[PDB]
Structures are given as structure tokens and as C-alpha cells.
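*Asks:* first portion of the complex, with coordinates as positioned in the assembly:
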Amino acid sequence: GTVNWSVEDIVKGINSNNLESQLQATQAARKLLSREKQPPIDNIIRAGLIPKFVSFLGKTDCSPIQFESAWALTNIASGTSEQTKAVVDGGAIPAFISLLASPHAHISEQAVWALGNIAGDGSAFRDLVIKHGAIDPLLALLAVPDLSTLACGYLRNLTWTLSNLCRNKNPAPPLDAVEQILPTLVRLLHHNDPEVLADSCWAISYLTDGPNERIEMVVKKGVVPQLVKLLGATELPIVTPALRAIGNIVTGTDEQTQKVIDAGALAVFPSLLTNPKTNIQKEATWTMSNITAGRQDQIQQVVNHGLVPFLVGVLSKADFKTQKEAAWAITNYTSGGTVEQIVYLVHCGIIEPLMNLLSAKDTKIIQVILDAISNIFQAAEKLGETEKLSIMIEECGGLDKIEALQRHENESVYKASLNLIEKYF
């Protein structure tokens, strides 16, 4: 009935003075913009229909046209920043925030969806949606004794829109808004729907990606144990944002990193550091590098959980970026660790892969590996076993690497290599 309409017919129907003809034309526009294959968003915009849809959003007497217009504008705001800006310029933000209070659940759901698309464009439209006062009705939609009584799709769309209101930086979301949203985020983080859990973990990862003050706002709510529990989840869509948030949290203070450790996160890294997905391995190794850059008792906790063998393994075989993160972890371990801990590191078989990685075409990992080498040699000097070490490095073909690096382009590279071969070989 309203399928395969032309934009000219849609315009002719919406420009009529017949609410039913306008409704049919708006539904035709919705069906047109709901097509997976090249929806004619720009044609609809050029036609000048966004203002008419935004006006229809306010016709409470005709809820069907409200729903159809919300759907159409949602799909126009789902595209480019210019198309989302066209939606916003029509005055759709306050209209959607008003629709949030609709007695019809499908209309309020579509308004949540549209506002999520608008806030996901970037920090500017996000903060504008917040200034128009969307957070209060959004959270009110979730003010129920048990979230399980809400419809699955409804709760998922609300969780995702809230995640987008926590998303993007430069600037990060307003502090008062984050404080307003966090308790509902904790509630959702304790929900049982994997989609809700994944979106809530993404929201927490967004909120934790920044200065230690934001990380502290998050950690004070006590979500770290639940983040670790979800880190042990089987659904990768959940593990990814959980690991991202844990890593973000360990980028901060030693006390926040210790909060992460106390929740039992390390017990999960034996799997994360051998995870078949390369992104998970890289994120876990980067988190491990930021943990090895912490206090000595935290390095000792890393040792106790048997994670040094896993770092050795990742260094021996893994995607090169994960190997670079592992080299950073090793250098931090050797820079902040004790002599006993560095001796343990050597006894775990770090030297051979550390040497083998010195033949890479990335100067930075070369510098990192050479710095770790120097630290291990210093710890050996404190024991008088420098010679034994030197012999190990020679036996695995490392001295050849350092000598060939003496003739390298970068300055600090050949400087450190020459220092090594002069002071120990």
C-alpha cells in the first residue's frame, strides 16, 4: 500500500491538508528510509520534509503519525553528521524528549532510538541533547523495581542510548550528567541480558577512558568486581568492553589498579593472554603492561598468578602489536621490579624471545627491548652474574643482534647497543 513510493508522491501527500494522506505519505517515507540498500536520505532532506516530520512528532491526537515520523527521522539521523545535523536543525531534539513521555511504548522507544543516534554523532550533539534535558525522562523510563518486566528491545535501546550519552571525549560528558547516569548503569550492569550487559560495559569503558578523576567516579560505585565477573564471560561482545574498561581503570592510580587486582582480574588473564581474538590478546597485554608499571607488590601479584609465563609466550608468538605491548610490559617489570623478580623473569625464559624480537622493523620496540636488557643487566650486576647472562645472550644469537644494531639509524638505539657491548661484551 505504502511501498515503493517516489519522493515526489511522499511530498505531495505530506504537503496536503489531510492528516490521513499525510500519515500515509509519512509511512511511505519511513518504509523508503527503512531499506537496507541505499536509503534516499539526501533526497528526503532536499525535499524539505524534516520540518514536517518534526511537526508531526507533536501531533498527540494522531499517535501513528508520531511513530512513523519518529522512525523516519531516526533513520535520517542514523547516517552522516550532515544528515544528523539536518535532523537536529529541524528542532527534533525537544520534540523527541517530549515524546519520551508518550503513553505508547513504541513511540517512546523510537524517541529513545532517535536521541541515541543524535548523541552518537559526537560530543557536541551529545551535550546538546543533555542540555535539552533528556537524562531525566530517559532514566525515569527505567525507574522500575525489576528491569526484567520491561520489553527486551525497549531496555536494549534505552541502554544503548545511555551508552551514547556516556560516549565520546574532547570534551568528556558533563560530570553532573555522568553522576546522574551512573547508578542506572550499575543496575544495568547487573542485568541478565547479554546485549544490555555489553552496552553497559561499553558505557563504563567510555566513562573510564580519561583522567583519573573519571576513573575514580566509576570505581567509587563498586563496579570493578562485576566488571571482572563479566571479564570471565563467554560472550565476546561482553568480554571486549569489560576488558577495555578494566584496562582504562589500570591506566590510573596504583590504588585503582589495586582495586582491579583485589577483584580477582588477574586470574582471568591466563585465558585473555591466549585468547583466539587478536584484539583481546592485545588489550590484555596492554593492561598487563600498565599493571607491571605499578608497585612492586603488584608485580609480585602478577608473578603469583603465574602470568609471567604467559607474557613469555605472548612475546614468543603473537601478533606483532601484542608482542610490542608485551615488550613494554617486560620493560616496566624490569624497571620497577626487584632483583629477585627480574631473576624469576629470566628463569621463565624471557631472554630468547626478547632477543628474537630485536630483528623487527619498528625502532620503538627495539628501544624498549634494549632498555629491558639494560635493566636485567643492572639487576645481574647486583648479583655478580653479569657474565652468565652475557653468555645466555650470546647462546641465543642476541649479541649478533646488538652488534648489528650498533649500525642503526636512530641515535639512542645504537647508543644503547654500544653501551651494552662495551660494558658487558
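*Replies:* Yep, that arrived. Numbers count the residues shown, from 1 in each chain, chains lettered A, B, ... in the order given.
*Asks:* contact partners for residue A:252?
*Replies:* Residue A:252 makes contact with A:212, A:215, A:216, according to Cβ atoms under 8 Å, 6 or more residues apart in numbering. No exception for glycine: its C-beta is placed from N, CA and C like everyone else's.
*Asks:* distance of the last one from residue A:49?
*Replies:* What that stands for is residue A:216. 47 Å (Cβ to Cβ, to the nearest Å).
*Asks:* so residue A:163 sits against residue A:199, correct?
*Replies:* Yes. Between residue A:163 and residue A:199 there is a contact under Cβ atoms under 8 Å: 4.8 Å.
*Asks:* for residue A:216 and residue A:49, work out which one has more neighbours and name it.
*Replies:* residue A:49 (25 against 16; other Cβ atoms under 10 Å).
*Asks:* specify which member of the contacts of residue A:252 is nearest to residue A:287.
*Replies:* Closest approach to residue A:287 among these (Cβ to Cβ): residue A:215, at 13.5 Å.
*Asks:* my guess is the closest one contacts residue A:256. True?
*Replies:* Yes. Between residue A:215 and residue A:256 there is a contact under Cβ under 8 Å: 5.7 Å.
*Asks:* residues bridging contact with those two, i.e. touching both?
*Replies:* Common neighbours of residue A:215 and residue A:256 (Cβ under 8 Å, 6+ apart) are residue A:249.
*Asks:* so residue A:84 versus residue A:76, what's the distance?
*Replies:* 8 Å.
*Asks:* ditto for residue A:293
*Replies:* 47 Å.
*Asks:* so for the two, which residue has more residues nearby?
*Replies:* residue A:76 (27 against 20).
*Asks:* what secondary structure does that one sit in?
*Replies:* Classification of residue A:76 using DSSP: H, G, I helix; E, B strand; the rest coil returns helix.
*Asks:* then add chain B to what we have above:
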Amino acid sequence: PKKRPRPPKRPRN
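*Replies:* Next up, chain B placed on what we already have:
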């Protein structure tokens, strides 16, 4: 030892 650093829109179909 230093700590280092490292769907926005959805259509309804």
C-alpha cells in the same frame, strides 16, 4: 615504569 595509553548510529530496518 610509566603507564601508557592505547555502534555510534543505528538505523531501524
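*Asks:* ok chain B is in now, so what about the contacts of residue A:252?
*Replies:* Listed by Cβ atoms under 8 Å, 6 or more residues apart in numbering or on different chains, the contact set of residue A:252 reads A:212, A:215, A:216, B:3.
*Asks:* not counting its neighbours along the chain, what's nearest residue 11?
*Replies:* Just so you know, I chose chain A. Closest residue in space to residue A:11, ignoring its immediate chain neighbours: residue A:47 at 5.0 Å, by Cβ to Cβ, 6 or more residues apart in numbering or on different chains.
*Asks:* chain B, not that one
*Replies:* In space, residue B:11 is closest to residue A:78, 4.0 Å off (Cβ to Cβ, 6+ apart).
*Asks:* so the one you found sits against residue B:13, correct?
*Replies:* No. Using Cβ under 8 Å, residue A:78 is not in contact with residue B:13, being 9.8 Å away.
*Asks:* so those two - more neighbours on which side?
*Replies:* residue A:78 (27 against 10; other Cβ atoms under 10 Å in any protein chain shown).
*Asks:* contacts only, for the more buried one.
*Replies:* Shown in contact with residue A:78 (Cβ under 8 Å, 6+ apart): A:84, A:117, B:9, B:10, B:11, B:12.
*Asks:* and those residues, which is closest to residue A:236?
*Replies:* Relative to residue A:236, the closest of the contacts of residue A:78 is residue B:10; by Cβ to Cβ it sits at 19.7 Å.
*Asks:* burial check on the closest one, number of neighbours?
*Replies:* Residue B:10 has 18 nearby residues by other Cβ under 10 Å.
*Asks:* which residues touch it?
*Replies:* A:78, A:113, A:116, A:117, A:160.
*Asks:* need the three-state assignment for it.
*Replies:* coil.
*Asks:* any idea how far residue A:49 is from residue A:63?
*Replies:* Distance from residue A:63 to residue A:49, by Cβ to Cβ: 20 Å.
*Asks:* next one: residue A:275
*Replies:* Taken as Cβ to Cβ, the span from residue A:275 to residue A:49 is 48 Å.
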